[PDB]
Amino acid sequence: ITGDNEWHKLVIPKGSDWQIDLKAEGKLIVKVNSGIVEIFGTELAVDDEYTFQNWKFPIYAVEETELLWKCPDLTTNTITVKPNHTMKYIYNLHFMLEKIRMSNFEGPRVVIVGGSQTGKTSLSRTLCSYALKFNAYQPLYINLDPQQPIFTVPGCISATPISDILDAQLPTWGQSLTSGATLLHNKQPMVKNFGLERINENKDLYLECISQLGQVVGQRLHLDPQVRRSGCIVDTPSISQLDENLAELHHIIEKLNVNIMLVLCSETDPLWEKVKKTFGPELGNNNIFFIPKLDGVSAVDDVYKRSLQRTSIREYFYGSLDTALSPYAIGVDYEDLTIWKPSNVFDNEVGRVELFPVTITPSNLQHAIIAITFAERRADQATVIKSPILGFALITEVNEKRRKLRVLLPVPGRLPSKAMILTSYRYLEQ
């Protein structure tokens, strides 16, 4: 009847989801007593306490499970447990993908295509979790939706080898390497900075990012037999965000050498015939698969999207509850920074593969997330556009009177003497 700070028993029948929506700011602690439960393919160890905060997700019962939960923002009669009838589609896909990893010369390079909240990211997470689960494969997870923070901050597209288990507690899947000892083995991602809020703000820049990611991805696959033998799992932005003719999907298929397509739509959805007609001559129809509506996949508003973007920025510098990190705050002079800004439809009408210089003012830089390239301060825009990303920094304060800035770094030490790119992303209170 009223939220408690005590533990409560929960029996999830086999094949059912415990659907969680952590609307409130409070934490949920879960401890499994017996059975098999999974958060997007990641099994929760028995007796180990798991902590969750501000995210929507299902705890799936592979086997009938008895667990204890502690959360003051939920009561025993406010719990949502519903049977799932869609997992069969996921397993069937996984075991066919797995058959390719064992028998074919190289692993499958799969694209997941579909509409807004069709279950694209949920499928990608489960396929990656399962790839690692049975015969230990290291697939490359490729995120092409910059609004979705996975292993990094929001301005990015990324490629990350799923070399060990994901963090079941995190909406971001897990985190990148740290300087010391951690409970989980963290990830080593390749990040390309788009920096703008939406794909439509540029497109040519978005497509250059894909071109650049595609290149390094090929180089890694050439040198890494284990990642080459496992495949790629490519997650794309919501289909509506891309052009009518789907020309951006041709660029992704070409650049990332895609050979399998998974389409998340309805049985009467025109998407099915559209995709078959365009990508069928290139991939072969046998290599295009239709996945119906996945059970439990819930709609996501822009307020929750912004909540995740905020969480991922703090997680970048400070880590998670179970893994506390020490970022470093420095005072910098106006003279010590070379910041560039990408071309965009708002500021430039068009949106071209071009960077413009940024003048150091509190209106331009306060609370801004900045991408640090590998390029030298003196490097020309052509070199900067093509330069890899070292990391991100947060500009907390900009003082006009004194001509100083306060910069938060993920790494303790000096401010890297490198060319930088201003992102559209902001974060208040370091």
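Start at 1 and count along the sequence shown; that's the residue number.
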Between 262 to 270 and 145 to 153, name whichever shows the higher mean Cα B factor according to the PDB entry.
-> 262 to 270
Stretch with the greater mean C-alpha B-factor as recorded in the entry, comparing 134 to 142 against 299 to 307 = 299 to 307
Listed options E208, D224, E244, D164: highest C-alpha B factor recorded at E244
Identify, among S179, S129, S326, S240, the residue whose C-alpha carries the highest B-factor in the deposited PDB entry.
-> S240
Chain-relative CA temperature factor third for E106 | lowest
Would you please rank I360 by its C-alpha temperature factor against the other modelled residues of its chain and give the third it falls in: lowest, middle or highest?
-> highest
Determine, from the deposited record, the chain-internal third of the Cα B-factor for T118: lowest, middle or highest.
-> highest
Can you tell me which third, lowest, middle or highest, the CA B-factor of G218 falls into for its chain?
-> lowest
According to the PDB entry, is the CA B factor of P388 in the bottom, middle or top third of its chain, that is, lowest, middle or highest?
-> lowest
